[PDB]
Protein chains: 2
Amino acid sequence: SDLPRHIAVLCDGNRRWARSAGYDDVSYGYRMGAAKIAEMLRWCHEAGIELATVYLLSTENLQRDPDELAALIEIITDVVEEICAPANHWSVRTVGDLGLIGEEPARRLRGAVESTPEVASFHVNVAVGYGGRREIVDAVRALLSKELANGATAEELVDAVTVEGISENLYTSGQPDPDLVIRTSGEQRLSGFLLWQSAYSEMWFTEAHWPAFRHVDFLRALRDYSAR
Amino acid sequence: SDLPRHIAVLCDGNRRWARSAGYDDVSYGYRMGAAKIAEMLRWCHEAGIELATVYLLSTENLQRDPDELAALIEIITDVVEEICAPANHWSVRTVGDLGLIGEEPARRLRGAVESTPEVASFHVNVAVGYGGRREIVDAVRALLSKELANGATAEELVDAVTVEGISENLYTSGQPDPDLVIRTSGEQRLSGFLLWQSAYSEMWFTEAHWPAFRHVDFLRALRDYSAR
Ligand SMILES: CC(C)=CCC/C(C)=C/CC/C(C)=C/COP(=O)(O)OP(=O)(O)O
């Protein structure tokens with residue numbers, strides 16, 4: 001009630017944090033961000049949040065220097081393997097397109113996520129190779145494919161698309177929409193993250209870069225959410 | 001001046017403003033809010049903003065009391081008739097479904113908007129009977145119907161949908177996406193307003209209720225945007 005069912009987190013500021021700290025290698029920032037993802041998910045679970053979505057890799061991110069992108073993707077893969085650790089008993093789902101990150105990372109991520117239970121008290125979505133407008137397009141495509149496979153005419157395809165039909169074909173099919181979306185780094189935008197799903201979400205902003213995010217920042221987010 | 005090309009405004013807090021100011025009849029908030037809409041649009045025009053979208057009526061707002069809704073719809077009709085006054089020489093477009101507001105108001109709104117020039121220095125979108133997810137669905141339907149008209153087979157329709165195709169079939173077809181979205185009354189959500197189009201918009205919030213929104217606040221918004 002006063003607590004979000006589903007919290008979504010956009011983890012901005014990793015490179016800026018590394019520069020501010022005087023590191024020449026921005027992977028120091030991503031590594032600390034990775035540590036904070038692990039912490040944040042523990043906080044959500046213990047607070048009684050049912051589902052958390054973390055934005056690990058956007059389609060924008062994939063346009064980066066090959067070598068920096070490679071190291072980032074390795075960090076992300078370690079993050080997901082950590083999220084999927086058996087002792088957590090968290091149910092994990094990928095949100096996005098693993099066809100974009102390389103086959104070795106994709107195999108590692110898929111394997112980790114597939115090892116987690118379907119039914120659990122806490123669920124984690126890891127958004128990797130994700131874009132919100134793209135997700136909608138792919139939802140519509142999936143919807144139309146199913147209708148065609150079940151014998152729809154071209155004319156019937158034209159009318160088959162509905163709000164509920166799109167919702168049911170997103171990556172987040174069958175999950176509650178995010179109640180609270182957290183963005184860091186003073187960035188006051190959505191950047192298409194869970195675009196369809198977050199239409200009615202509460203937004204909460206901090207100036208802190210993601211690697212600098214603290215448990216008390218999480219407490220403030222929940223406090224503010226409850227107050228609203 | 002780094003001005004937004006397109007500013008979108010969610011005019012929240014009208015009834016809360018009225019109650020706080022000791023008005024027993026909260027419809028009065030809508031009348032003060034209507035006066036402020038005209039003034040905001042003047043400020044936008046004078047500042048050199050090319051396009052402004054104002055949120056006048058959501059599909060959800062139609063769930064209100066008949067007396068309150070009746071007043072609100074008449075007030076909205078007045079607002080639009082003012083926006084469309086020939087002395088303004090503003091180009092106006094309806095964003096939403098006028099079939100949701102009743103035949104007689106719909107007739108008046110359409111007449112007013114149709115009377116405005118296609119070409120002008122300042123453009124205003126009036127969002128009436130609008131929902132963001134519905135807009136996307138209707139854009140996809142429009143897109144598919146056009147492909148079918150051009151002779152596409154059902155097999156071909158399944159893969160006809162693209163990001164660009166959806167954008168070109170929204171109410172805002174041919175317009176730039178919003179650069180800045182303003183919401184009042186301390187409300188930190190988008191409520192599906194220009195859902196697709198505002199994926200990458202800057203969000204700006206004030207605690208001021210809409211009827212209390214002043215030019216100094218507008219300048220703050222532009223200052224904060226320029227500083228993003
Ligand atoms: C003349 C004048 C001042 C007209 C404006 C009056 C009016 C109805 C403003 C509402 C704008 C708005 C923020 C809608 C979104 O609320 P929502 O109910 O659709 O969604 P929500 O529940 O998340 O807020």
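Below, read A as the first sequence line, B as the second, and so on, with proteins coming before strands; counting in each chain starts at 1. Quick note: numbers below take in every heavy atom, side chains included, and nothing from hydrogens, waters or symmetry partners.
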* Could you pull out all residues at least two apart from A/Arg42 that satisfy side chain to side chain contact (heavy atoms under 4.5 Å, CB included)? => A/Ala38, A/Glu46, A/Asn88, A/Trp90

[Y] versus [X], side-chain donor and acceptor atoms under 3.5 Å:
{"X": "A/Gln197", "Y": "A/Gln175", "value": "no"}
{"X": "A/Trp210", "Y": "A/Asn14", "value": "no"}
{"X": "A/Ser191", "Y": "A/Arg183", "value": "yes"}
{"X": "B/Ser185", "Y": "B/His209", "value": "yes"}

Surrounding [atom1] of [X] (heavy atoms of other residues, nucleotides or ligands, distance under 6.0 Å), is the total greater than 12?
{"X": "B/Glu114", "atom1": "CD", "answer": "yes"}
{"X": "B/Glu82", "atom1": "CD", "answer": "no"}
{"X": "B/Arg134", "atom1": "CZ", "answer": "no"}
{"X": "B/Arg220", "atom1": "CZ", "answer": "no"}
{"X": "B/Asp2", "atom1": "CG", "answer": "yes"}
{"X": "B/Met203", "atom1": "CE", "answer": "yes"}

* Positive for side-chain hydrogen bond (donor to acceptor under 3.5 Å, both in side chains) with A/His6, one of A/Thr172, A/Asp177, A/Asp179, A/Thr53 -> A/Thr53

* Structure fact -> Residue pairs meeting salt bridge (charged side-chain N to carboxylate O under 4.0 Å, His left out), one or both in residues 190-213 of chain A, sequence neighbours left out, come to A/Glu202-A/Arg228, A/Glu202-B/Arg189

* Asked: Does the B/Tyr200 side chain pair with the main chain of B/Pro178, one donor and one acceptor, at a distance under 3.5 Å?
  -> no

